[PDB]
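Every number here is computed from the coordinates shown, using simple stated rules; none is lab data. Using ideal geometry, Cβ is built from the backbone for each residue, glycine included, and neighbour counts are taken over all protein chains shown.
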Amino acid sequence: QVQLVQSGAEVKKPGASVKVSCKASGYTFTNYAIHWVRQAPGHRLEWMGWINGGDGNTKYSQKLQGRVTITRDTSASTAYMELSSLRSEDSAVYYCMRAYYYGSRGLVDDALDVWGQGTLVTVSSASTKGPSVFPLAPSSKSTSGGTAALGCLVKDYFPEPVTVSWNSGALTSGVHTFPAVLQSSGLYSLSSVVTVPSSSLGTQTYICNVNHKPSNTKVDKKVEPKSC
Amino acid sequence: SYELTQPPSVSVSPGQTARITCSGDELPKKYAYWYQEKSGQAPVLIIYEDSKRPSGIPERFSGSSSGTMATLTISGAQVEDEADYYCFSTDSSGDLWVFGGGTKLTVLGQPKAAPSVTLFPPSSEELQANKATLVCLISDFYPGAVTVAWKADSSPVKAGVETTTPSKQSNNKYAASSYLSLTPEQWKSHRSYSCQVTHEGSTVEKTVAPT
Amino acid sequence: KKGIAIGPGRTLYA
């Protein structure tokens, strides 16, 4: 029931500012505090700051004091994080996490490990490139009896990431989303493949939902078997 | 300015008990919190308030704190426990939190695993877009090293190949991708294309042909 | 002994 939903991924230039939101639901927003944690894709976790849902008081990391500003909107149940003067060392996944305790006596409800899905911001001066989506016709050479492998190919996009859904989220069993390659052109390309029963080939509808937030692009590609 | 110091990496054998420490000057009068973060996933709170364990965490995880040193113990670890572990506590005033450096746990003696290979030919839509891409997927192999090679007919491909660095998946195995970008003329001319996957001496070769 | 850190300015000490 308790949930933290963050805003989508963004691209910024060196020197600009990024602002990520964090909408809370399932609990009294003013009783808890909300942390902010950043982590480079190949480095360690870093604590940024936290803000009270009711007081609004903030305590930032001494590394980020002067650049970061954490706010909150009680009427919207949403906390915000803004980081200015972005440099290449800021390319990271940004999370929001609810504090363990609430109230004046520091109690806990039916949860205490609540993390948002994460927002990957990428500071760069390169061009924002949209993705191209191509269907991967179902194949049966990769066996498991009565199972076919079909998917979608997301080609030439920048920057990361690209999230791929299947049938608007109704298909999760057997969904394998591979990490993207870094081509010599500077663009990325990944593939998302799902394994389905062979009896559903030609009767069940399969559509992949490609979402590239850095370019405001969404593609729903129908995946049908080949017609030879 | 406050810091929590963790060992950079610890190694353990299956069934053995692994100890991951965390030293901090305010730990005598401040609680400690532990997080498990596997490769490619979000951290998970496994230990809160020095010793307490949240619901859903296996009982083999436990923690203790004494003096300026907190400790995380994993009794009888398996391959699933192979991940990074971070420390988490506050400073003297208790208004700012600090994460530890991160301890990488490694379980020894993991069996070899043969990779599965899947190769898709270029789609008819992409050929209409004056492009051609061959995707060679590799999954479920250990260790995380693989040698991918492409072939035009029977000769090695001279250009147009990109291969990912092998990354850990859910079941603590590895997966990789390999793409061969071609033109419609090259794909329609040669008799066949193949991606050769070599892992621990063994070799798997999948071949596709135009139309 | 040890206290908990609720929020900024909110800290139940020893």
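For chain A, modelled as a GNM with alpha-carbon contacts under 10 angstrom, which of A:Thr203, A:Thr147, A:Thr71 fluctuates the most?
Answer for the Gaussian network model of chain A: A:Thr203.
So how far, in whole Å, is the C-alpha centre of the range A:179-228 from the one of the range A:107-126?
26 Å
List the GluC sites (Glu not before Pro) in the range B:121-211 that DSSP assigns to loop (not H, G, I, E or B) and whose Cβ has at most 10 other Cβ atoms within 10 Å. Which are they?
none
Out of all DSSP beta bridges in chain A, what portion is antiparallel? Express it as a percent rounded to 5.
Around 95 percent antiparallel, to the nearest 5.
Which value, in debye to the nearest 20, describes the size of the charge dipole of the protein assembly as shown about its Cα centre when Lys and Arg Cβ atoms bear +1, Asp and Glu Cβ atoms bear -1, and nothing else is charged?
I would put it at about 340 debye.
In the protein assembly as shown, which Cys residues have no partner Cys with a Cβ closer than 4.7 Å?
A:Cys228
Could you size up the charge dipole of the range B:1-98 around its Cα centre, putting +1 on the beta carbon of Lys and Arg and -1 on that of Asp and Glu, and report it in debye to the nearest 20?
260 debye
For chain A, what is the convex hull volume of the alpha-carbon atoms per residue, in Å³?
Here the figure is 161 Å³ per residue.
Tell me the label-point distance for the pair A:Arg44, A:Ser25, using the 7 Å Cα-to-Cβ offset, in nm and rounded to one decimal.
The two pseudo-label positions are separated by 3.6 nm.
Less than 11 Å Cβ to Cβ from B:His190, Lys/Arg counted +1 and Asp/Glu -1: what total charge do the surrounding residues give?
Charge balance in the 11 Å sphere: +1.
Assign unit charges at the C-beta atoms only (+1 for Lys and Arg, -1 for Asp and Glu), then state the dipole size of chain B relative to its Cα centre in Debye, rounded to the nearest 20.
Charge dipole, chain B, about its Cα centre: 600 debye, nearest 20.
Taking a temperature of 25 °C and a viscosity of 0.890 mPa s, what whole-number D in µm²/s does Stokes-Einstein yield for the range A:125-228 with Rh from Kirkwood over alpha carbon pairs?
My calculation gives 172 µm²/s for D.
Give me A:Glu224, B:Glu37 sorted ascending by neighbouring Cβ count inside 10 Å, so fewest comes first.
By the 10 Å Cβ count, ascending, the order reads A:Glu224, B:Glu37.
What is the Å³ per residue value for the convex hull set by the Cα atoms of the range B:29-178?
191 Å³
For the charge dipole of the range B:1-109, defined by +1 on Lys and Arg C-beta atoms and -1 on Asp and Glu C-beta atoms about the Cα centroid, which residue among B:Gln6, B:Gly63, B:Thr90 has the Cα displaced farthest towards the positive pole?
With unit charges placed on the Cβ atoms, the residue in question is B:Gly63.
Calculate how many DSSP beta bridges within the protein assembly as shown are antiparallel, expressed in % of all such bridges and rounded to the nearest 5.
Taking every DSSP beta bridge with both residues in the protein assembly as shown, the antiparallel ones total about 95 percent.
Once phi is turned into ³J(HN,Hα) by the Karplus curve 6.51 cos²θ - 1.76 cosθ + 1.60 with θ = phi - 60°, what whole-Hz value does each residue of the range B:152-162 show in order, with x for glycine and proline?
Whole-Hz 3J(HN,Hα) from phi for the range B:152-162: 9, 6, 10, 9, x, 6, 8, 6, x, 10, 9.
With a 10 Å cut-off between alpha carbons and a GNM built on chain A, which of A:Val162, A:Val196, A:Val121 moves the most?
A:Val196
Can you work out the FRET efficiency for the pair A:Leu107 and C:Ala14, with r the C-beta to C-beta distance and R0 = 22 Å, to the nearest 0.05?
Once the sixth-power term is evaluated, E becomes 0.75.
Can you sort B:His190, B:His199 so the residue with the fewest Cβ neighbours within 10 Å comes first?
Fewest-to-most Cβ neighbours within 10 Å comes out as B:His190, B:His199.
So how far, in whole Å, is the C-alpha centre of the range B:194-211 from the one of the range B:1-74?
The range B:194-211 and the range B:1-74 have Cα centres spaced 44 Å from each other.
So, in nm, how far is label B:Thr147 from label B:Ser93 when the simple model puts each one 7 Å beyond its Cα toward the Cβ?
5.9 nm
Which order results if B:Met69, A:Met81 are arranged by neighbouring Cβ count within 10 Å, fewest first?
Arranged by neighbour count, lowest to highest, B:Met69, A:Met81 become B:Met69, A:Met81.
Evaluate the Kirkwood expression for the hydrodynamic radius of the range A:73-161, namely the inverse of the mean inverse distance over all pairs of different C-alpha atoms, and round to one decimal in Å.
Mean inverse Cα-Cα distance, inverted, gives 18.2 Å.
Using just the helices of chain B, give the 222 nm mean residue ellipticity in deg cm²/dmol: DSSP H runs with n ≥ 4 each add -39,500 (n - 2.57), and the total is spread over all residues, rounded to 500.
The helix contribution divided over chain B gives -1000 deg cm²/dmol.
From the phi angles alone, apply the Karplus equation (6.51, -1.76, 1.60; θ = phi - 60°) to the range A:133-138 and give each ³J(HN,Hα) in whole Hz, x where the residue is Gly or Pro.
10, 10, x, 9, 4, x
Determine ³J(HN,Hα), in whole Hz, for all residues of the range B:167-182 in sequence, where each value follows from phi through the Karplus function 6.51 cos²θ - 1.76 cosθ + 1.60 and θ = phi - 60°; x replaces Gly and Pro.
Running phi through 6.51 cos²θ - 1.76 cosθ + 1.60 with θ = phi - 60° gives 10, 6, 9, 6, 7, 6, 9, 10, 9, 8, 10, 8, 10, 10, 8, 9 Hz.
Set the Förster distance to 56 Å, then compute FRET efficiency between B:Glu125 and A:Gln1 from the Cβ-Cβ distance, nearest 0.05.
Taking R0 as 56 Å, the efficiency between B:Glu125 and A:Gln1 is 0.85.
When Cβ neighbours within 10 Å are restricted to other protein chains, what is their mean count per residue of peptide A:134-142?
5
Excluding residues fewer than 8 places away in the same chain, name every one of the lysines whose C-alpha is closer than 23 Å to that of A:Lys19.
A:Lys59, A:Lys63, A:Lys129, A:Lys213, A:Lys218
Considering only DSSP states other than H, G, I, E and B, which trypsin sites (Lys or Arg not before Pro) in the range A:9-73 qualify as loop sites with at most 15 other Cβ atoms within 10 Å?
A:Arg44, A:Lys63
Rg/Rh for the protein assembly as shown to two decimals, with Rh computed the Kirkwood way over all alpha-carbon pairs.
Using Cα coordinates only, the ratio equals 1.01.
From the mean inverse distance of alpha carbon pairs (Kirkwood) and the Cα radius of gyration, derive Rg over Rh for the range B:1-101.
0.95
Per-residue mean of other chain beta-carbon atoms within 10 angstrom of the beta-carbon, peptide B:118-125?
6
Would you calculate the convex hull of the Cα atoms in the range A:7-88 and tell me its volume per residue in Å³?
Measuring per residue, one finds 107 Å³ for the Cα hull of the range A:7-88.
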